[PDB]
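> Pasting in a structure now, in structure tokens, and then I'll have a few things to ask.
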Amino acid sequence: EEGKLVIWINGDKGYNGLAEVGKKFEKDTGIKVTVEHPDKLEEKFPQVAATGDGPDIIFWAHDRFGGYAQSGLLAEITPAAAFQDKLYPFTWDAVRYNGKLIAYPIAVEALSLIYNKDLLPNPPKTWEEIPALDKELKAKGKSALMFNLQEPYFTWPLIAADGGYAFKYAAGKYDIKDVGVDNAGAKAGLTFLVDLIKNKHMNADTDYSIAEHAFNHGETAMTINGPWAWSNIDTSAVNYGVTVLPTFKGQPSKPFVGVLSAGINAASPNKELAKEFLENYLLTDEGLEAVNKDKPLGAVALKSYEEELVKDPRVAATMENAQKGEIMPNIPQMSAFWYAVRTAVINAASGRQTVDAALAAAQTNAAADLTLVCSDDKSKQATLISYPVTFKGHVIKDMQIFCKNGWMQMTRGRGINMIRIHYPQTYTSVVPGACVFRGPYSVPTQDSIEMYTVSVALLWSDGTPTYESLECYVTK
Ligand SMILES: OC[C@H]1O[C@H](O[C@H]2[C@H](O)[C@@H](O)[C@@H](O)O[C@@H]2CO)[C@H](O)[C@@H](O)[C@@H]1O
């Protein structure tokens, strides 16, 4: 709707403060500003913006914006040099996609270790110490650590500590072909997490609100969270510190660093109003103050403000953790990475898959966009799903699936491609066209399980071949 600004931002952010900024905007321009916090908005935005609908402005960490830009959902930003100089350059670099500025950077985000000083004056420096510490607190009616296990954002710092990575950065770009989900380091880290759960130091079902409640009411000595979380702790009775994440196998935990960013919907008729709102209301000492006061932003992108923020030790700790991590890629393939790791962590933590199997499925999903939906019952068939998210640059051109009975080609277009995979011995005769698992194979680790597998050959646009396999496991 023209003559009005609609803003979407995550419900864990400073939306009331931004609303107050919006009030400051309406009052001067007569233009009403409505701030909303849709659920799973990072998914809902590309859905509705694609229909020409949605907000004028969308706020999210920069990693999602490359996908948005590739789908044509974001207007190009062209700020003056003067405005550009007001913000730190690396924050601008975070919002650049295939050459163009696709958003306004706002603040730099990283997870930190947050601890209750009255329970735990000297918090552990290593993950390895948490079990012994938990045993001591449990006797006192408390627990050592609770944090959100449902979102891979929070568990990634540990998985990445021993060598896990999303995409390798080489020769001036992310190498979409070199995916780090499945390696020895990632396995060691996720195994440590799963072991914390097996040993009842953490609970697989723990989510954001459970961990927030447990920490802010004094039940658990530590939590892992970002700056947005500090204001609720300020309200609580907890005297807290914000410090460096614990090390794992002697290496720093490596949080993925986000830059909170504001994109303008390409379909918005209101773009000039959105630009002026963002530049002359939101990014100002006053506006950033308003939002930061409602819920802290971390290290803001605005130079004038940063100088006052660097004095807040919580922000300093934030930047200390950021320096030990890595800025998130913004490439479209990140959406497949995050989906794949979310599934792996949830499945490993619950005990539905082993760490090795979970990561192996995650690796293939993040790298090749292939998901295999297994059935516990052999008589019900598996489904292989191909769902490409990257349409530009180095991409898989050709895909061949190796099934027990031969090779079959599978195309990559924008859309979704699904085939059934049959377990062998299931059909009384050979079914024309059907892809059949190789197996059953033994699994040395677990004696009660049978493995089935198919293989895949990938031909990249540059001629590079690569190979994947996908497994399903079944109880005998
Ligand atoms: O969990 C995967 C998720 O991680 C990041 O989302 C963060 C976000 O950056 C923070 O600002 C805060 O809101 O917490 C989110 C996790 O709940 C990625 O930005 C996102 O794309 C990804 O799906």
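Residue numbering restarts at 1 in every chain; chains get A, B, ... in the order shown in the structure tokens, and ligands count up from 1 in that same order.
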Would you name the residues within 8 Å of ligand 1, counting only C-alpha atoms and all ligand atoms, and put them as a list in words?
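Using only C-alpha atoms and all ligand atoms, everything at most 8 Å from ligand 1 comes to residues 10, 12, 13, 42, 60, 61, 62, 63, 64, 109, 150, 151, 152, 153, 154, 226, 257, 258, 259, 260, 334, 335, 338, 339 and 342 of chain A.
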> Just to be explicit: take each residue in the selection above, keep N, CA and C atoms, and write the result as an mmCIF file, in the first residue's frame.

```cif
data_model
loop_
_atom_site.group_PDB
_atom_site.id
_atom_site.type_symbol
_atom_site.label_atom_id
_atom_site.label_comp_id
_atom_site.auth_asym_id
_atom_site.auth_seq_id
_atom_site.Cartn_x
_atom_site.Cartn_y
_atom_site.Cartn_z
ATOM 1 N N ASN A 10 12.646 -9.435 13.190
ATOM 2 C CA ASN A 10 12.443 -10.643 13.963
ATOM 3 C C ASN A 10 11.924 -10.253 15.336
ATOM 4 N N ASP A 12 12.707 -11.239 18.129
ATOM 5 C CA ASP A 12 13.698 -11.129 19.231
ATOM 6 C C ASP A 12 14.411 -9.762 19.243
ATOM 7 N N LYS A 13 14.099 -8.910 18.274
ATOM 8 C CA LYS A 13 14.739 -7.600 18.164
ATOM 9 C C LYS A 13 13.908 -6.465 18.788
ATOM 10 N N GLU A 42 11.887 -14.988 7.880
ATOM 11 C CA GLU A 42 12.956 -15.094 6.889
ATOM 12 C C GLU A 42 12.530 -16.036 5.762
ATOM 13 N N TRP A 60 16.980 -8.478 8.460
ATOM 14 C CA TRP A 60 17.482 -9.789 8.831
ATOM 15 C C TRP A 60 18.999 -9.726 8.815
ATOM 16 N N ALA A 61 19.640 -10.707 9.428
ATOM 17 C CA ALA A 61 21.074 -10.871 9.251
ATOM 18 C C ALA A 61 21.359 -11.040 7.759
ATOM 19 N N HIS A 62 22.540 -10.596 7.338
ATOM 20 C CA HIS A 62 22.867 -10.440 5.925
ATOM 21 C C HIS A 62 22.906 -11.772 5.174
ATOM 22 N N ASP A 63 23.009 -12.908 5.881
ATOM 23 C CA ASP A 63 23.231 -14.177 5.156
ATOM 24 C C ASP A 63 22.075 -14.541 4.247
ATOM 25 N N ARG A 64 20.882 -14.116 4.604
ATOM 26 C CA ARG A 64 19.699 -14.453 3.781
ATOM 27 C C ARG A 64 19.575 -13.564 2.550
ATOM 28 N N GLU A 109 26.589 -8.732 14.898
ATOM 29 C CA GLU A 109 26.095 -9.701 15.858
ATOM 30 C C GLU A 109 26.994 -10.916 15.983
ATOM 31 N N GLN A 150 17.550 -25.901 19.142
ATOM 32 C CA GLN A 150 16.680 -26.069 17.964
ATOM 33 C C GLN A 150 17.185 -25.355 16.704
ATOM 34 N N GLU A 151 17.976 -24.304 16.890
ATOM 35 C CA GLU A 151 18.484 -23.480 15.800
ATOM 36 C C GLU A 151 19.978 -23.680 15.664
ATOM 37 N N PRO A 152 20.449 -24.111 14.476
ATOM 38 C CA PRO A 152 21.865 -24.479 14.370
ATOM 39 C C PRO A 152 22.838 -23.322 14.569
ATOM 40 N N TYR A 153 22.312 -22.115 14.471
ATOM 41 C CA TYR A 153 23.092 -20.916 14.779
ATOM 42 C C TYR A 153 23.833 -21.010 16.112
ATOM 43 N N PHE A 154 23.166 -21.583 17.106
ATOM 44 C CA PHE A 154 23.694 -21.633 18.477
ATOM 45 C C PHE A 154 24.672 -22.777 18.704
ATOM 46 N N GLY A 226 22.961 -13.792 21.975
ATOM 47 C CA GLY A 226 23.485 -12.575 21.368
ATOM 48 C C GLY A 226 23.055 -11.335 22.108
ATOM 49 N N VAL A 257 29.186 -14.790 12.333
ATOM 50 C CA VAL A 257 28.931 -13.378 12.561
ATOM 51 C C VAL A 257 27.896 -12.823 11.586
ATOM 52 N N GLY A 258 26.809 -12.277 12.131
ATOM 53 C CA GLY A 258 25.783 -11.673 11.293
ATOM 54 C C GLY A 258 25.869 -10.175 11.270
ATOM 55 N N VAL A 259 25.486 -9.567 10.168
ATOM 56 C CA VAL A 259 25.305 -8.141 10.130
ATOM 57 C C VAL A 259 23.808 -7.910 9.957
ATOM 58 N N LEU A 260 23.162 -7.364 10.983
ATOM 59 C CA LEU A 260 21.744 -7.061 10.869
ATOM 60 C C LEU A 260 21.616 -6.020 9.784
ATOM 61 N N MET A 334 23.622 -20.706 1.300
ATOM 62 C CA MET A 334 23.502 -20.673 2.760
ATOM 63 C C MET A 334 22.136 -21.176 3.214
ATOM 64 N N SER A 335 21.100 -21.012 2.393
ATOM 65 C CA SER A 335 19.791 -21.402 2.929
ATOM 66 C C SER A 335 19.774 -22.944 3.011
ATOM 67 N N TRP A 338 21.895 -24.049 6.107
ATOM 68 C CA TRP A 338 21.274 -23.926 7.413
ATOM 69 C C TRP A 338 20.192 -24.995 7.616
ATOM 70 N N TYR A 339 19.390 -25.259 6.579
ATOM 71 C CA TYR A 339 18.385 -26.305 6.646
ATOM 72 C C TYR A 339 19.006 -27.654 6.952
ATOM 73 N N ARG A 342 20.406 -27.766 10.568
ATOM 74 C CA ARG A 342 19.318 -27.759 11.534
ATOM 75 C C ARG A 342 18.797 -29.184 11.751
#
```
> Which residues, written as a VMD selection string, have at least one atom at most 12 Å from region 83-100 of chain A, with only C-alpha atoms counted and residues fewer than 5 positions away on the same chain left out?
chain A and resid 60 to 70 72 74 to 78 105 to 109 173 257 to 263 275 to 276 278 to 280 283 to 285 299 to 307 326 to 332 392 to 393
> Need the shell around residue 120 (chain A): protein/DNA/RNA residues with any atom at most 9 Å away, counting only C-alpha atoms. Skip same-chain ones fewer than 5 positions apart. Format as a PyMOL selection string?
chain A and resi 115+221-222
> Take the residues that were just selected and, keeping N, CA, C and O atoms, output them as an mmCIF file, in the first residue's frame.

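Once everything was written out, this is result-v6.cif:
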```
data_model
loop_
_atom_site.group_PDB
_atom_site.id
_atom_site.type_symbol
_atom_site.label_atom_id
_atom_site.label_comp_id
_atom_site.auth_asym_id
_atom_site.auth_seq_id
_atom_site.Cartn_x
_atom_site.Cartn_y
_atom_site.Cartn_z
ATOM 1 N N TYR A 115 27.036 -15.498 31.698
ATOM 2 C CA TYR A 115 27.090 -16.285 32.935
ATOM 3 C C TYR A 115 26.602 -15.519 34.130
ATOM 4 O O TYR A 115 26.640 -14.280 34.188
ATOM 5 N N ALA A 221 23.545 -21.727 35.357
ATOM 6 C CA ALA A 221 24.630 -20.770 35.583
ATOM 7 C C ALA A 221 25.093 -20.055 34.316
ATOM 8 O O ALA A 221 25.680 -18.968 34.393
ATOM 9 N N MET A 222 24.851 -20.667 33.161
ATOM 10 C CA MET A 222 25.333 -20.116 31.879
ATOM 11 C C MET A 222 24.301 -20.234 30.754
ATOM 12 O O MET A 222 23.444 -21.114 30.778
#
```
> Could you pull out the residues in region 72-107 of chain A that DSSP calls alpha helix (DSSP H) from the backbone, as a PyMOL selection string?
chain A and resi 81-85+89-94
> With distances taken over only C-alpha atoms, which residue among A:2, A:462, A:36, A:205 lies nearest residue 22 (chain A)?
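Residue with the minimum atom-to-atom distance to residue 22 (chain A): A:36.
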> Just the strand (DSSP E or B) stuff from region 211-307 of chain A, please, per backbone DSSP, written as an mmCIF file with C-alpha atoms, in the first residue's frame.

```cif
data_model
loop_
_atom_site.group_PDB
_atom_site.id
_atom_site.type_symbol
_atom_site.label_atom_id
_atom_site.label_comp_id
_atom_site.auth_asym_id
_atom_site.auth_seq_id
_atom_site.Cartn_x
_atom_site.Cartn_y
_atom_site.Cartn_z
ATOM 1 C CA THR A 220 21.225 -22.468 35.160
ATOM 2 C CA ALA A 221 24.630 -20.770 35.583
ATOM 3 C CA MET A 222 25.333 -20.116 31.879
ATOM 4 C CA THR A 223 23.634 -19.533 28.513
ATOM 5 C CA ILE A 224 24.748 -18.737 24.992
ATOM 6 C CA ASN A 225 23.041 -15.832 23.270
ATOM 7 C CA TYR A 240 25.548 -11.463 34.527
ATOM 8 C CA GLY A 241 28.811 -11.293 32.629
ATOM 9 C CA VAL A 242 29.322 -11.586 28.889
ATOM 10 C CA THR A 243 32.516 -13.361 27.906
ATOM 11 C CA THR A 247 37.237 -23.543 23.736
ATOM 12 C CA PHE A 248 36.882 -27.094 22.413
ATOM 13 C CA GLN A 251 40.517 -24.162 19.847
ATOM 14 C CA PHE A 256 28.964 -17.194 12.652
ATOM 15 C CA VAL A 257 28.931 -13.378 12.561
ATOM 16 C CA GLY A 258 25.783 -11.673 11.293
ATOM 17 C CA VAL A 259 25.305 -8.141 10.130
ATOM 18 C CA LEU A 260 21.744 -7.061 10.869
ATOM 19 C CA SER A 261 20.617 -5.457 7.630
ATOM 20 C CA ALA A 262 17.673 -3.608 6.156
ATOM 21 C CA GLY A 263 16.552 -4.418 2.638
ATOM 22 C CA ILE A 264 14.003 -2.601 0.548
ATOM 23 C CA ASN A 265 11.411 -4.725 -1.188
ATOM 24 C CA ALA A 299 28.347 -3.453 17.688
ATOM 25 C CA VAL A 300 26.511 -0.924 15.520
ATOM 26 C CA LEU A 302 27.419 3.589 12.532
#
```
